[PDB]
Amino acid sequence: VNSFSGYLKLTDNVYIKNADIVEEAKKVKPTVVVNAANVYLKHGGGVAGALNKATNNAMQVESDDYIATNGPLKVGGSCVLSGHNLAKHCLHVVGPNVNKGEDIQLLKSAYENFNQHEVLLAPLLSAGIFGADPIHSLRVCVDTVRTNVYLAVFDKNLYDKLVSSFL
Ligand SMILES: O=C1CSc2cc(C(=O)O)ccc2N1
């Protein structure tokens, strides 16, 4: 049994809810919240900008030190950093950004990072300002992630379309 409330069950392991990931993180304090990161961990906008704002920029300060030491992530890759006031850990995952021309086949590689964590609160990778089709992102999630994933969807309209169209 876990703390997550109000989710619709899509599969054995994937759950979905219309909710703000930040407000959901603040309420649940999950072991892992996933960030929709870029390779530079520059948390300017979208989910990343909202998570970072909710940490009062502490996520960005920590991320800048990580990049100064390790250099950029790979598209499809990830790193584990603090969850600050939102979660125990933040898994920063880089999905391909279609608005930069990145290979959408890298979306499966991105979701494979989730399998290293038994339970996660996450957004749909490569959705929103990363430019991918969120219906496609949900399909790759269900067909790739085997651990228990609780998906938070920003837009109510999109949430209802994802559920209604789910196979
Ligand atoms: O508070 C906010 C507004 S910014 C924001 C954007 C997104 C998104 O782009 O999916 C998700 C949650 C978000 N939380």
Side-chain angles (χ1 to χ4, degrees), residues 1-26 28-38 40-64 66 73 78-95 97 99 107 110-111 113-142 144-145 147-166:
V1 171
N2 67 51
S3 166
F4 286 106
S5 173
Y7 289 71
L8 175 68
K9 182 171 180 56
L10 294 175
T11 70
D12 182 59
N13 66 298
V14 178
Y15 294 80
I16 195 167
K17 185 184 178 178
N18 175 219
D20 169 35
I21 179 163
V22 167
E23 287 309 310
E24 191 77 1
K26 280 197 290 190
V28 174
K29 292 292 236 86
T31 306
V32 181
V33 64
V34 174
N35 181 34
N38 59 53
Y40 305 110
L41 302 179
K42 288 171 55 95
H43 307 305
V47 165
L51 290 171
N52 175 58
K53 179 179 178 185
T55 76
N56 179 44
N57 211 52
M59 177 181 285
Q60 189 65 66
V61 169
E62 179 194 33
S63 291
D64 289 349
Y66 173 90
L73 300 178
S78 70
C79 67
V80 179
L81 290 172
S82 180
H84 298 279
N85 56 317
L86 302 181
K88 188 178 197 286
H89 306 286
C90 179
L91 181 69
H92 293 274
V93 180
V94 185
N97 187 329
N99 305 318
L107 186 55
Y111 274 115
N113 296 287
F114 289 24
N115 290 320
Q116 299 295 319
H117 301 279
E118 286 191 351
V119 182
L120 315 87
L121 172 62
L124 287 167
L125 298 180
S126 297
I129 69 174
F130 282 60
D133 176 5
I135 295 175
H136 175 66
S137 182
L138 178 56
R139 183 26 66 186
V140 178
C141 181
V142 161
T144 306
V145 181
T147 57
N148 291 325
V149 58
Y150 288 85
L151 294 168
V153 172
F154 190 62
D155 195 57
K156 171 57 167 155
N157 181 296
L158 173 60
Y159 171 84
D160 287 346
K161 181 174 150 142
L162 285 167
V163 168
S164 290
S165 57
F166 182 71

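Starting from 1, each residue takes its place in the sequence as its number.
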Any donor-acceptor N/O pair, [X] side chain to [Y] backbone, under 3.5 Å:
X    : Y    : value
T55  : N52  : yes
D64  : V61  : no
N113 : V94  : no
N18  : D160 : no

Do [X] and [Y] come within less than 4.5 Å of each other through their side chains, counting heavy atoms only?
X    : Y    : value
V163 : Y159 : yes
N2   : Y150 : yes
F114 : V32  : no
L10  : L138 : yes
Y111 : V149 : no
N97  : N38  : no

Stepwise side chain to side chain contact (heavy atoms under 4.5 Å, CB included) test for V142 and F166: CA-CA 10 Å; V142 161; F166 182 71; 3.8 Å; yes
Approximate separation, where rounding is to 0.5 Å, of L8 CG and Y15 OH: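 Reported to 0.5 Å precision, the distance equals 10.0 Å.
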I21 side, atom CD1; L86 side, atom CG - distance, nearest 0.5 Å: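 Separation between the atoms: 9.0 Å.
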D12 atom CG, neighbour heavy-atom count above 12 within 6.0 Å: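 Not more than 12 within 6.0 Å, no.
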Below 3.5 Å, can you tabulate the donor-acceptor pairs from side chains in residues 116-135 to any protein atom, sequence neighbours excluded?
residue	atom	partner	partner atom	Å
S126	OG	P96	O	2.7
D133	OD1	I135	N	3.0

Show the nearest heavy-atom pair for residues [X] and [Y], with the distance to one decimal.
X   : Y   : result
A25 : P30 : O-CD, 3.6 Å
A48 : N35 : CA-OD1, 3.0 Å
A54 : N85 : O-ND2, 3.0 Å
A19 : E24 : CB-OE1, 4.0 Å
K29 : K26 : CG-O, 3.8 Å
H43 : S63 : NE2-OG, 2.8 Å

